[PDB]
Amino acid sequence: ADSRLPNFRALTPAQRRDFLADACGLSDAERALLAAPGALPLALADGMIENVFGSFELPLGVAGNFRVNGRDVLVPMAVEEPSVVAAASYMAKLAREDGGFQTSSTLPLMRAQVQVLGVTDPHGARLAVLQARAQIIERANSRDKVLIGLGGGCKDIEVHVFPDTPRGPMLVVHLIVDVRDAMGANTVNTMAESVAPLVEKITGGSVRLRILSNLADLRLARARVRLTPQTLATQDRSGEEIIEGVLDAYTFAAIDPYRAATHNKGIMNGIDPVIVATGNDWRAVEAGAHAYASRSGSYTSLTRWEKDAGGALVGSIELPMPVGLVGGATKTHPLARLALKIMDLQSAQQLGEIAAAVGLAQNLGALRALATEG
């Protein structure tokens, strides 16, 4: 795998398509799918959403130079905004000097909420539910033998109590579910329905909402990058001066929600187009990201930018990354399947790690540009 895109600025879209097809070993059918419009015929689109009367195209670009955990990866991006793809590619190029991005993730754990009303002893009922955790987990896992055979399934539960609300006390059971390579919404929603009668029997209450949480803070992707001063040096500015400017811009985002919103928007300029191009749900990724950014009690930066003891710039990101390689549009849309092949994805976790790296690079591109503007 080689993610370098020599002279791509000067090539036509057809020439870029042919280069990508050669670099990724795309089949003749896959090349033809890209060479004509309408890779998603209306008959297919008609089965995806309601009241279909057409299709709507986003430009599809490729960000170059990315290397993640030692592996080059080409990154498709479906987006309408200028400068985004070029900035991601340029920051990835600089990241290559330190060996690229380094990433990790948690297990692919999604939360399903089971909201219980009518329980007047919710703290005591919480203990009864926790004592019965094995029975609840077994009930959650009793229908999806395929997921369990892959090593997924419900792994744990939590119980949260809201003893005083305008609607009375609420007891909320969270099922913690390993969803493997799925985004997980339908999987965990079905388990929440499955456990509802047992939860009602234990608590004596009435189950209302049975629904995933998009605050997917048990399904985190992490990415780190390090750039020395010499890597960041330009004709006009020392790398040291650029590093100090990035830190100035980062601290501004850390302390001021008015800046943090724009700073994090820039991250999502990198992440969302990868989500879209792979057929994933961009609203879910946006909600998890921005809700996680508020976890401390103030809306703040999702990234951290620092200087290590030797003076190099170090960037880091950690954020929920609920994405899948199966199900939804990722299965039905022929170009989403092609995007997965271009990226050579082995797991949904890997897709999330790559997306986090792209968001981190995008953020660096914005901070480096804004801090070096004369």
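Sequential numbering from 1, following the sequence displayed.
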Mean temperature factor over C-alpha atoms, higher-scoring stretch between 71-79 and 253-261
71-79
Where do the C-alpha atoms have the higher mean temperature factor in this entry, in 7-15 or in 353-361?
7-15
Listed options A291, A284, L175, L147: highest C-alpha B factor recorded at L147
Based on the PDB record, which member of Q115, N186, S301, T120 exhibits the highest Cα temperature factor?
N186
Report the third (lowest, middle or highest) to which the CA temperature factor of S27 belongs, ranking only the modelled residues of the same chain.
highest
Is the Cα B-factor recorded for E50 in the lowest, middle or highest third of its chain?
middle
By the entry's values, the third containing the CA B factor of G315 is the lowest
On the chain's distribution of Cα B-factors, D248 falls within the third called middle
Among the modelled residues of its chain, does the C-alpha B-factor of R167 lie in the lowest, middle or highest third?
highest
